[PDB]
Structure formats: structure tokens, C-alpha cells
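Read the structure below first, then the notes.
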Amino acid sequence: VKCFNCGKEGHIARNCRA
DNA sequence: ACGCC
Ligand SMILES: [Zn+2]
């Protein structure tokens, strides 16, 4: 499933570079 | 940023 911070796949919002 | 995986 996807990150929602960026909308990319296979990592977690809390930690997002974006 | 939050939640889930
Ligand atoms: Zn992300």
C-alpha cells in the first residue's frame, strides 16, 4: 500500500522526505 | 500530518 504523505508506494507518511 | 501495509 501507499504512502499518503507523498502518494508514493511502500513507505510511511511520518517519515516522508517527499 | 494521520492511519494501514
Ligand atoms: Zn512519502
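In the C-alpha cells, chains take letters A, B, ... by order of appearance, with residues numbered from 1 within each chain and ligands from 1 in the order shown.
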Select residues of chain B: the criterion is any atom within 8 Å of an atom of chain A, counting only C-alpha atoms (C1' of nucleotides); output as JSON, numbers by chain.
{"B": [1, 4, 5]}
